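Okay, structure first, notes after.
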Amino acid sequence: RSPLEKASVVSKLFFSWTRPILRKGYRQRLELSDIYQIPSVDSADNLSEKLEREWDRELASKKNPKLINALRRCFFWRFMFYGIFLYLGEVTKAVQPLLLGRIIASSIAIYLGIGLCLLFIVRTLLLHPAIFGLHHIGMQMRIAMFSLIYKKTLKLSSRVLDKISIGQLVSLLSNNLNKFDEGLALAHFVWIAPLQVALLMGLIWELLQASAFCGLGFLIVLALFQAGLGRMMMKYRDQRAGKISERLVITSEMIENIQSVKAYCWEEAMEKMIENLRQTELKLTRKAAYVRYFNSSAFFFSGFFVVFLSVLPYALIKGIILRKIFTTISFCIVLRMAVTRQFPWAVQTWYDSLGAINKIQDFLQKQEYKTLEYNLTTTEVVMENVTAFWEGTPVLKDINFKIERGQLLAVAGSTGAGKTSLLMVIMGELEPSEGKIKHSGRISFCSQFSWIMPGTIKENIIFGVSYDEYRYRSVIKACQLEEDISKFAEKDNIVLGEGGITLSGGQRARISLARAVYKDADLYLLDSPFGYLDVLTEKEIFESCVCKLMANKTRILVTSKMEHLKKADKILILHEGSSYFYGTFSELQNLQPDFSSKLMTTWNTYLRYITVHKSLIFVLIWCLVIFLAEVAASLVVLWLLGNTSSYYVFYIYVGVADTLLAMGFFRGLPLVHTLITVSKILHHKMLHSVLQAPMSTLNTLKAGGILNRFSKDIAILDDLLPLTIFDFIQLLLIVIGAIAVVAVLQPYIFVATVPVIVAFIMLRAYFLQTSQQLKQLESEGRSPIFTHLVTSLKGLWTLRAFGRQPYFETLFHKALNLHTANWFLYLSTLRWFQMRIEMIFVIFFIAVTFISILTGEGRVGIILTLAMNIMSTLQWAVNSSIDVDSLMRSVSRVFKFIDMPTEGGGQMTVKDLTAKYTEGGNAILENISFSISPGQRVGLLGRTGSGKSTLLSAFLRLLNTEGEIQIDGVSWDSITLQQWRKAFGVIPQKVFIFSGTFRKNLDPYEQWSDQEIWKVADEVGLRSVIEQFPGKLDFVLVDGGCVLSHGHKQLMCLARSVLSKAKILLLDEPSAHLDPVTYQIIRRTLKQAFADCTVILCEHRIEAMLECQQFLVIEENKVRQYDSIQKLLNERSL
Amino acid sequence: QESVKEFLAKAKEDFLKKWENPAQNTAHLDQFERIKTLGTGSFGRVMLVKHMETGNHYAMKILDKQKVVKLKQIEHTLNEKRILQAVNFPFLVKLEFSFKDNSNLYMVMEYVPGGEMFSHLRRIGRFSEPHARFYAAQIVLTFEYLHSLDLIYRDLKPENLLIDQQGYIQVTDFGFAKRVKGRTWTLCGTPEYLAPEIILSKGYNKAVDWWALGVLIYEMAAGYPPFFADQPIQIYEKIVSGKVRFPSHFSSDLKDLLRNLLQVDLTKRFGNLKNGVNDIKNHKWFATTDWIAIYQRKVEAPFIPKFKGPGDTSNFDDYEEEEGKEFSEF
Ligand SMILES: Nc1ncnc2c1ncn2[C@@H]1O[C@H](COP(=O)(O)OP(=O)(O)NP(=O)(O)O)[C@@H](O)[C@H]1O
Ligand SMILES: [Mg+2]
Ligand SMILES: [Mg+2]
């Protein structure tokens, strides 16, 4: 199926089979169906069975279960086969400069140039085809490990299942989701680097004989310096993490409570608090970035020292021919590449891989759930003196029962305090230490909190079984599912989404009942099934399925209804962990009659990004100016000298382009500092904008869709982006300077370099489209794995009790294959692009080398010296450019966020009121008109329970509403919303208290005197409540003010409203959240202090609002009116 | 070792003499009864009878002379008679007397009142792991003894295993047993347990029965044949594929043991590389087993079928009743 299986050897070597996808995608949008079929070797089942067989052979062979010892005999030979070619492809690069050192002899030189070309041609084909194979091997290990971990996730016992955290598994799984696959190209350098440096040191000894350790020791100490700076960076990052946490919690708090801040008009307050929190964050980030810049610039600077120190001692004693400089420079840069970056990367990769493998090994040895010796045959299910602990505390007090084949017992008592534990013990989920519970083994459970697997209702009720027409029809009709099906969208195959949110609680109960009744079993332990249905619905279900069909076979229901126990063939009442009463129906009913009665990437995004700060353009033009000045100086000195030992020594400066074009410490720092300031400015502006968006627009944005732009985009903008763009600019600057230097020294190079740049741009633009499309497809193809994992972790109990694990295993394998197709295809196309870029560099090198040799001693030496070693910097620059293009999406999204437009006497009058949730939805009010009496309460009656929050929100103009409002003789248009909203006071159902001291939590503006605040608090009756707080008022209300009670929070909100001296108090749900003592105290306080406010109490109960003078009736699309109870109770409510 | 090797050598020496002097026509069809037909079988019939002179019940086999010639099955029964007259082990049905008549041939064998183990497996569905191990130990022991006798069973399916009063397995139906020294060639048996070597129509080695044991273990521990298909031709393709899908409730040790007993590679097949049976007998899945007690029947059986007297036929199925140069040594 996959085109890899049908491909020529040349195509497999040149990656020619990836052409058609690039051909199609660049011109049209990809469809997910266009992804190639996975190779049959990469199927999840094929790798899972192999690794599982090796792992269980390891388990049954020795008493030292090393998982790596099982991975070895699987993958070691292919690993080594690819490593050998990697070693050869590194050795050819290391030994190439020996040919250059002989080329400088000038006839014979043409053959040497051809040989120099041959080495590059061979290296182009000996490196990438092995790197791709290593990546393939990594993908295989990742797939097999994921499949094994999932296959073991359905075997743990509940004894260890509940102990682990939910997030542990997802953190472990996602920790190495991409690290393992790309963490193999650097794996072999744990033994290629030492042999490389040994060969190189020997060869340079064969040219110096006196000075070899001098440069190697310098490289070593530089390497330890670079490694040691990492701990300094890590300490600052760890310090910054907690501060990011404490800032993000407050940001999330205000994101959740946006409407409360909008009503209170607290935007500038939180602006100030957020900036104050972020200042120290910026300080720490700047320090860490400075450390990172120093570490990065050290490698770029050391390129000159590492050769100067090596050359100096031999230079002083003997004179040196120019050959032994142009050769040692190349050997030295190769050694620096080989010992400064590759080896520590390999060590880090090995350490991380070993850690992850040991973690997986530890996980695969947890306590395992054991299936009961079941499915054979059994008489009446009998339990004799079963005693076990729900965790020492025996949840079962030597219970005993025996239900004949067909009888329907009914356990009763407190929920989950012995009924659920007994049901789990019977199901075998909990092992009983004492007693022997015998059962037929076919048990179909139905948990109180039913779980609905993603898919159609038919899929959630079939459970991988046939759709028997009579059985399914009877199940639908009896369990009240026939009417639901008739009301369903497709009415037979309504494809529900994940989570079951589209279904109601009664729908979930019906689904659970259908699932329980579908399976034919000798025991149907339907536990608390009727706990979410109507009384008439419960009676219909009992007369239809529970006591009509499910009573034919053995069934043990658990209900607290008195009528339900009447039809039971046996009764076992348990309470406080002990069986208070047990026996037959009549025997237990007459055992105690008294007790029985008691029981019952565009250029626009770029230029906008730079133009946010004028200092950025200044520093960039400064850096460019110093660059062109220094390249001009180097070019003029080269021309002067090429057309006393120090005269020849100065060539070492121009020979290594790294140091000659290195970004000075006086130039790199302003760039990073300005980028950090730009990120701060952008974050502040986006926070300012998001706090003024219209509510209707905010409703279109999901709550979780805004916090991510704060928690992830800002971190990317601060940490990853600055270093990435700095590295890209430095690398591009080095490349352009070096190529200009080469071109000037020989003016015929330019005609060859121009097509090279043209082809570079063309190829990059061609590859970018497919790369980004595949990246997005892979990213969107990864959610189902975690969604299914969470769903299975929630449904584990029902899944195991039913006994349908292979269905879930096959589903997970299908999802894994679906993601693997995208990942493998993207990896292949990336390797194709890398190889093509290597080939174009190779042909450019051919051209420059031949034109140089065909046409002095310094000329050719310098040209070839830069020519051979530009390649690493060029490849690095291209990769950095692709990475910055990948990172630009965060800036694009933040800029999408920033450009969001803003929203725009006691007697009051309202008219022509029209409101809706969105722009053009259902009219909440249809020209509703009312007049506000001065200081007289107007109860909110009429359409109680139909939803009055919309009217309350529109009273403050916090929704998509239009009309005319005349409060105190002033229209709603002339008065500014900031000024108008302050006059009106509201009492939301949920009280928002800022996480901080009482003075800050109650006075965010802090514009009131402390003595006045204390006097107001004493007058509000909260002085006694505040007296129990730590200190006097500095007790920080951490965790969103969870210390205070709901009544205390309501009292604090009322006191805050009184402090603002609002002209109105639209109290809503007074007694709904208040305790009887709290409600009485609140009512007394409102009567005493808030008597002069035109309050409007909102409550569903008519009696609660009957105390108000006026009674503003409500009705669908028409606000009725009955100012007197003499007609309100007779017409409005009757 | 030591005692086991000496016992095997003594058994081989004794069996050589028995194979040297087989008997014939030890009884006539005049001292038996026709109480019930225990079962027909492949192409014959078996009826439960009692000794007229003694009173002890003995099973009697019946085979049609015309059917043997028509089916080209003459040497197999001749060799099976000698094998039964020469085999001597606790786990094999003991034959008492043989009869030869001008109409049909008869032979007297000891009766096991426990019935077929296939019915028990089908009614119960599947066994627990220790229960399956208890039978696997006996099967491995009798296969050890039979291989030490330079013979091949080649036909091991559940309905050919019986249970006695003490609860141990007695192995019957030696009709397909052949004493082969070297590579065999004859194709026969049951499609379910047809080993990959026999399916390819090649010289079967002594490891052909190892695949039968590895399939019987899976069938006893799961409840369905590990290799199943609609048609024998399709079943042949499935067996040639050699891919097995283990259930979820299988333990790791059994998952390891079954893989070696069912590997397609003849060289790496368990019980054939170097040890013969010593690898299997020392495996972790068999660690908790008293083989010395198993040989002496000193361990209580985890299952005792309900015996209701010598004449009881409750466990056995009830289905109606019944009313020259080729053979010269019967
Ligand atoms: N010694 C015995 N005691 C009790 N039942 C027996 C005995 N020998 C046979 N039977 C039963 O009689 C039935 C038929 O006899 P059997 O030995 O199986 O002939 P068969 O044709 O060669 N068997 P097969 O080829 O596998 O189909 C068997 O299914 C046994 O259950
Ligand atoms: Mg038969
Ligand atoms: Mg038989």
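Note on naming: chains are A, B, ... as they come in the structure tokens, residues start from 1 per chain, ligands start from 1 in the order shown.
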Contacts of chain B with ligand 2 up to 10 Å, shortest pair per row, only C-alpha atoms and all ligand atoms, as CSV:
```
residue,atom,partner,partner_atom_place_in_ligand_line,distance
B:39,CA,ligand 2,1 (Mg),7.7
B:40,CA,ligand 2,1 (Mg),6.0
B:41,CA,ligand 2,1 (Mg),2.4
B:42,CA,ligand 2,1 (Mg),3.3
B:43,CA,ligand 2,1 (Mg),6.4
B:44,CA,ligand 2,1 (Mg),6.8
B:45,CA,ligand 2,1 (Mg),7.9
B:46,CA,ligand 2,1 (Mg),9.1
B:159,CA,ligand 2,1 (Mg),8.9
B:160,CA,ligand 2,1 (Mg),8.2
B:173,CA,ligand 2,1 (Mg),7.7
B:175,CA,ligand 2,1 (Mg),9.5
```
Please dump the current selection as a short mmCIF file (atom, residue, chain, number, x, y, z; two decimals), in the first residue's frame; keep N, CA, C and O atoms.
```
data_model
loop_
_atom_site.label_atom_id
_atom_site.label_comp_id
_atom_site.auth_asym_id
_atom_site.auth_seq_id
_atom_site.Cartn_x
_atom_site.Cartn_y
_atom_site.Cartn_z
N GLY B 39 -19.50 -45.13 22.67
CA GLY B 39 -19.29 -44.17 21.61
C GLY B 39 -18.84 -44.82 20.31
O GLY B 39 -18.20 -45.87 20.32
N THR B 40 -19.16 -44.19 19.18
CA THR B 40 -18.78 -44.72 17.88
C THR B 40 -17.34 -44.37 17.55
O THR B 40 -16.49 -45.25 17.41
N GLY B 41 -17.05 -43.07 17.43
CA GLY B 41 -15.71 -42.63 17.12
C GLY B 41 -15.50 -42.30 15.65
O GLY B 41 -16.44 -41.88 14.97
N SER B 42 -14.28 -42.48 15.16
CA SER B 42 -13.94 -42.14 13.78
C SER B 42 -14.74 -42.96 12.78
O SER B 42 -15.52 -42.41 11.99
N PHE B 43 -14.55 -44.29 12.79
CA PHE B 43 -15.21 -45.17 11.83
C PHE B 43 -15.60 -46.49 12.47
O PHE B 43 -15.91 -47.46 11.77
N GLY B 44 -15.59 -46.56 13.80
CA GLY B 44 -15.91 -47.77 14.53
C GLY B 44 -17.04 -47.57 15.52
O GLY B 44 -17.86 -46.67 15.41
N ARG B 45 -17.07 -48.46 16.51
CA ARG B 45 -18.03 -48.41 17.59
C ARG B 45 -17.43 -49.04 18.84
O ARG B 45 -16.63 -49.97 18.77
N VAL B 46 -17.84 -48.51 20.00
CA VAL B 46 -17.38 -49.02 21.29
C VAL B 46 -18.58 -49.15 22.20
O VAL B 46 -19.40 -48.23 22.30
N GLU B 159 -10.90 -34.60 22.97
CA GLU B 159 -11.90 -35.66 23.12
C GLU B 159 -11.26 -37.04 23.24
O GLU B 159 -11.96 -38.00 23.57
N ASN B 160 -9.96 -37.16 22.99
CA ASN B 160 -9.25 -38.42 23.15
C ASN B 160 -8.62 -38.57 24.53
O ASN B 160 -7.83 -39.49 24.73
N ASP B 173 -6.97 -43.99 22.41
CA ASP B 173 -6.98 -43.76 20.96
C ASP B 173 -5.56 -43.72 20.39
O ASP B 173 -5.12 -42.71 19.83
N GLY B 175 -4.68 -45.34 17.80
CA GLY B 175 -4.78 -45.88 16.45
C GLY B 175 -3.78 -45.26 15.49
O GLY B 175 -3.29 -45.92 14.57
#
```
Could the residues of chain A within 8 Å of chain B, counting only C-alpha atoms, be given as a CSV table (one decimal) with N, CA, C and O atoms, in the first residue's frame, please?
```csv
chain,number,residue,atom,x,y,z
A,53,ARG,N,7.0,-10.0,23.4
A,53,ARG,CA,7.6,-11.3,23.4
A,53,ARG,C,9.0,-11.2,24.0
A,53,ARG,O,9.4,-12.0,24.9
A,56,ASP,N,8.6,-10.4,27.9
A,56,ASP,CA,8.2,-11.5,28.7
A,56,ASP,C,9.2,-12.7,28.7
A,56,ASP,O,9.3,-13.4,29.7
A,57,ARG,N,9.9,-12.8,27.7
A,57,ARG,CA,11.1,-13.7,27.7
A,57,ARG,C,12.1,-13.3,28.8
A,57,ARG,O,12.6,-14.1,29.5
A,59,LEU,N,11.3,-11.5,31.4
A,59,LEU,CA,10.7,-11.7,32.7
A,59,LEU,C,10.7,-13.1,33.2
A,59,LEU,O,11.0,-13.4,34.3
A,60,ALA,N,10.5,-14.1,32.3
A,60,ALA,CA,10.5,-15.5,32.6
A,60,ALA,C,11.9,-16.1,32.6
A,60,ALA,O,12.0,-17.3,33.1
A,371,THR,N,-7.8,-11.6,37.6
A,371,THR,CA,-9.2,-12.0,37.2
A,371,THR,C,-9.6,-13.2,38.1
A,371,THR,O,-8.8,-14.1,38.4
A,373,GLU,N,-11.4,-16.8,39.1
A,373,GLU,CA,-11.5,-18.1,38.4
A,373,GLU,C,-13.0,-18.3,38.1
A,373,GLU,O,-13.7,-18.8,38.9
A,375,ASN,N,-16.4,-17.8,34.9
A,375,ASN,CA,-17.0,-18.2,33.6
A,375,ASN,C,-17.3,-19.7,33.6
A,375,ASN,O,-17.8,-20.2,32.6
A,376,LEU,N,-17.1,-20.5,34.6
A,376,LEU,CA,-17.3,-21.9,34.6
A,376,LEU,C,-18.7,-22.4,34.8
A,376,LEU,O,-19.4,-22.8,33.8
A,377,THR,N,-19.2,-22.2,36.0
A,377,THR,CA,-20.6,-22.6,36.4
A,377,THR,C,-20.7,-22.2,37.8
A,377,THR,O,-19.8,-22.3,38.6
A,805,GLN,N,-11.7,-5.6,26.7
A,805,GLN,CA,-10.4,-4.9,26.5
A,805,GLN,C,-9.9,-4.9,25.1
A,805,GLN,O,-9.5,-3.9,24.6
A,806,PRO,N,-10.0,-6.1,24.3
A,806,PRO,CA,-9.4,-6.0,23.0
A,806,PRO,C,-10.0,-5.0,22.1
A,806,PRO,O,-9.3,-4.5,21.2
```
Exercise: region 335-337 of chain A partners within 10 Å, only C-alpha atoms, chain neighbours under 5 positions left out, as a ChimeraX atom specification
/A:94,193,196-198,200-201,215-216,219-220,223,299,302-303,306-307,329-330,342-343,872
Give me the residues near residue 921 (chain A) as a PyMOL selection string, where near means some atom within 12 Å (using only C-alpha atoms) and where sequence neighbours in that chain fewer than 4 positions away do not count.
chain A and resi 696+914-917+925+959-961
Which neighbours of residue 72 (chain A) fall inside 12 Å, counting only C-alpha atoms, when residues of the same chain fewer than 5 positions from it are skipped, and could you give them as a PDB file with N, CA, C and O atoms, in the first residue's frame?
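See out26.pdb below for the written result:
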```
ATOM      1  N   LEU A  51       8.142  -6.598  20.848  1.00  0.00           N
ATOM      2  CA  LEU A  51       8.744  -6.118  22.085  1.00  0.00           C
ATOM      3  C   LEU A  51       8.144  -6.849  23.280  1.00  0.00           C
ATOM      4  O   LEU A  51       8.852  -7.160  24.241  1.00  0.00           O
ATOM      5  N   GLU A  54       9.832 -10.238  23.596  1.00  0.00           N
ATOM      6  CA  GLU A  54      11.161 -10.129  24.188  1.00  0.00           C
ATOM      7  C   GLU A  54      11.090  -9.785  25.672  1.00  0.00           C
ATOM      8  O   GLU A  54      11.857 -10.334  26.474  1.00  0.00           O
ATOM      9  N   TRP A  55      10.157  -8.916  26.056  1.00  0.00           N
ATOM     10  CA  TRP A  55      10.056  -8.483  27.443  1.00  0.00           C
ATOM     11  C   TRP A  55       9.581  -9.616  28.344  1.00  0.00           C
ATOM     12  O   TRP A  55      10.081  -9.779  29.462  1.00  0.00           O
ATOM     13  N   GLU A  58      12.353 -11.976  28.852  1.00  0.00           N
ATOM     14  CA  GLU A  58      13.217 -11.443  29.902  1.00  0.00           C
ATOM     15  C   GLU A  58      12.621 -11.696  31.284  1.00  0.00           C
ATOM     16  O   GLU A  58      13.333 -12.067  32.223  1.00  0.00           O
ATOM     17  N   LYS A  66      15.741  -6.224  33.237  1.00  0.00           N
ATOM     18  CA  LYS A  66      16.247  -5.020  32.586  1.00  0.00           C
ATOM     19  C   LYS A  66      15.564  -4.884  31.230  1.00  0.00           C
ATOM     20  O   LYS A  66      15.753  -5.723  30.344  1.00  0.00           O
ATOM     21  N   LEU A  67      14.765  -3.826  31.071  1.00  0.00           N
ATOM     22  CA  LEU A  67      14.045  -3.618  29.818  1.00  0.00           C
ATOM     23  C   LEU A  67      14.994  -3.275  28.676  1.00  0.00           C
ATOM     24  O   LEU A  67      14.745  -3.656  27.523  1.00  0.00           O
ATOM     25  N   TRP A  77      21.346  -4.500  16.189  1.00  0.00           N
ATOM     26  CA  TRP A  77      22.096  -4.737  14.960  1.00  0.00           C
ATOM     27  C   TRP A  77      21.830  -3.654  13.922  1.00  0.00           C
ATOM     28  O   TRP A  77      22.764  -3.174  13.272  1.00  0.00           O
ATOM     29  N   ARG A  78      20.572  -3.243  13.759  1.00  0.00           N
ATOM     30  CA  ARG A  78      20.298  -2.120  12.869  1.00  0.00           C
ATOM     31  C   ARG A  78      20.900  -0.826  13.404  1.00  0.00           C
ATOM     32  O   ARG A  78      21.407  -0.006  12.620  1.00  0.00           O
ATOM     33  N   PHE A  79      20.875  -0.633  14.727  1.00  0.00           N
ATOM     34  CA  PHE A  79      21.521   0.538  15.313  1.00  0.00           C
ATOM     35  C   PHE A  79      22.997   0.596  14.929  1.00  0.00           C
ATOM     36  O   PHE A  79      23.492   1.631  14.463  1.00  0.00           O
ATOM     37  N   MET A  80      23.709  -0.520  15.092  1.00  0.00           N
ATOM     38  CA  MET A  80      25.135  -0.549  14.776  1.00  0.00           C
ATOM     39  C   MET A  80      25.380  -0.422  13.278  1.00  0.00           C
ATOM     40  O   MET A  80      26.363   0.199  12.851  1.00  0.00           O
ATOM     41  N   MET A 141      10.825   2.288  18.316  1.00  0.00           N
ATOM     42  CA  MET A 141      10.865   2.094  19.765  1.00  0.00           C
ATOM     43  C   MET A 141       9.769   2.895  20.456  1.00  0.00           C
ATOM     44  O   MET A 141       9.134   2.408  21.399  1.00  0.00           O
TER      45      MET A 141
END
```
Selection near region 460-471 of chain A, 9 Å with only C-alpha atoms, sequence-local residues under 3 positions removed, as a PyMOL selection string:
chain A and resi 452-457+474-476+511-512+514-516+518-519+804+807
May I ask you to write as a ChimeraX atom specification all residues lying at most 9 Å from ligand 1, with only C-alpha atoms and all ligand atoms counted?
/B:37-48,58-62,93-95,108-117,155-157,159-164,170,172-176,189-190,316-317
Please list as a compact mmCIF listing (two decimals) with N, CA, C and O atoms, in the first residue's frame every residue within 12 Å of residue 87 (chain A), counting only C-alpha atoms and excluding residues in the same chain fewer than 4 positions away.
```
# COMPACT_ATOMS: atom_id res chain seq x y z
N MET A 80 23.71 -0.52 15.09
CA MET A 80 25.13 -0.55 14.78
C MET A 80 25.38 -0.42 13.28
O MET A 80 26.36 0.20 12.85
N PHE A 81 24.51 -1.02 12.46
CA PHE A 81 24.66 -0.93 11.01
C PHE A 81 24.59 0.52 10.56
O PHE A 81 25.38 0.96 9.71
N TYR A 82 23.65 1.29 11.10
CA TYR A 82 23.61 2.71 10.77
C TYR A 82 24.76 3.49 11.39
O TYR A 82 25.28 4.42 10.75
N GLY A 83 25.19 3.13 12.60
CA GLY A 83 26.30 3.82 13.23
C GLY A 83 27.60 3.68 12.47
O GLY A 83 28.42 4.61 12.47
N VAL A 91 34.33 10.40 9.32
CA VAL A 91 35.76 10.24 9.07
C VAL A 91 36.16 10.89 7.76
O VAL A 91 37.24 11.49 7.66
N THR A 92 35.33 10.77 6.72
CA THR A 92 35.66 11.41 5.45
C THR A 92 35.75 12.93 5.60
O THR A 92 36.67 13.56 5.07
N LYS A 93 34.82 13.52 6.35
CA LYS A 93 34.88 14.96 6.60
C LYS A 93 36.12 15.32 7.40
O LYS A 93 36.75 16.36 7.14
N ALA A 94 36.49 14.49 8.38
CA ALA A 94 37.66 14.79 9.19
C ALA A 94 38.95 14.70 8.38
O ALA A 94 39.89 15.47 8.63
N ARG A 123 30.17 11.97 0.92
CA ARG A 123 29.62 12.34 2.22
C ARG A 123 28.15 12.72 2.11
O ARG A 123 27.37 12.45 3.04
N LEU A 126 26.47 9.34 2.30
CA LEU A 126 26.77 8.43 3.39
C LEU A 126 26.23 8.89 4.74
O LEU A 126 26.31 8.12 5.71
N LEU A 127 25.70 10.11 4.85
CA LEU A 127 25.26 10.62 6.14
C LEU A 127 23.74 10.55 6.30
O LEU A 127 23.24 9.92 7.24
N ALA A 130 21.64 7.27 6.62
CA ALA A 130 21.78 6.58 7.90
C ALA A 130 21.05 7.32 9.01
O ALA A 130 20.49 6.70 9.92
N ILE A 131 21.05 8.65 8.95
CA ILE A 131 20.31 9.44 9.93
C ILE A 131 18.81 9.15 9.83
O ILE A 131 18.12 9.02 10.84
N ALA A 185 19.91 10.58 16.38
CA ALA A 185 20.96 11.09 15.51
C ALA A 185 22.21 11.48 16.28
O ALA A 185 23.31 11.45 15.72
N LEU A 186 22.07 11.85 17.55
CA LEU A 186 23.20 12.18 18.41
C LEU A 186 23.57 11.04 19.35
O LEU A 186 24.38 11.25 20.25
N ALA A 187 23.01 9.85 19.15
CA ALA A 187 23.29 8.75 20.07
C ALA A 187 24.67 8.16 19.85
O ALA A 187 25.36 7.83 20.82
N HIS A 188 25.10 8.02 18.60
CA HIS A 188 26.36 7.34 18.32
C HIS A 188 27.57 8.19 18.67
O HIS A 188 28.67 7.66 18.82
N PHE A 189 27.39 9.51 18.83
CA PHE A 189 28.52 10.37 19.13
C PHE A 189 29.11 10.14 20.52
O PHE A 189 30.05 10.83 20.90
N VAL A 190 28.57 9.19 21.28
CA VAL A 190 29.19 8.81 22.54
C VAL A 190 30.47 8.02 22.30
O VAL A 190 31.29 7.87 23.22
N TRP A 191 30.66 7.50 21.09
CA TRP A 191 31.89 6.79 20.74
C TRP A 191 32.46 7.17 19.38
O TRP A 191 33.52 6.65 19.01
N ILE A 192 31.81 8.06 18.63
CA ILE A 192 32.41 8.56 17.39
C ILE A 192 33.28 9.77 17.68
O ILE A 192 34.32 9.97 17.04
N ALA A 193 32.89 10.58 18.65
CA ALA A 193 33.66 11.76 19.03
C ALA A 193 35.03 11.40 19.60
O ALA A 193 36.03 12.00 19.18
N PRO A 194 35.14 10.45 20.54
CA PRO A 194 36.49 10.13 21.05
C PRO A 194 37.44 9.60 19.99
O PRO A 194 38.60 10.03 19.94
N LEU A 195 36.98 8.69 19.13
CA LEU A 195 37.84 8.22 18.05
C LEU A 195 38.17 9.33 17.06
O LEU A 195 39.29 9.39 16.55
N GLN A 196 37.21 10.23 16.80
CA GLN A 196 37.47 11.36 15.92
C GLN A 196 38.57 12.25 16.48
O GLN A 196 39.50 12.63 15.75
```
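CA of residue 638 (chain A) is found 25.0 Å from CA of residue 109 (chain A).
Across the structure, CA of residue 389 (chain A) and CA of residue 370 (chain A) are spaced 17.9 Å apart.
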For a quick check of understanding, using only C-alpha atoms and all ligand atoms, which of B:288, B:214, B:171, B:320 has the smallest distance to ligand 3?
B:171
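When CA of residue 1094 (chain A) is paired with CA of residue 1011 (chain A), their separation reads 27.8 Å.
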Region 101-177 of chain B: which residues are helix (DSSP H, G or I) by DSSP, as JSON, numbers by chain?
{"B": [117, 118, 119, 120, 121, 122, 123, 124, 129, 130, 131, 132, 133, 134, 135, 136, 137, 138, 139, 140, 141, 142, 143, 144, 145, 146, 147, 148, 158, 159, 160]}
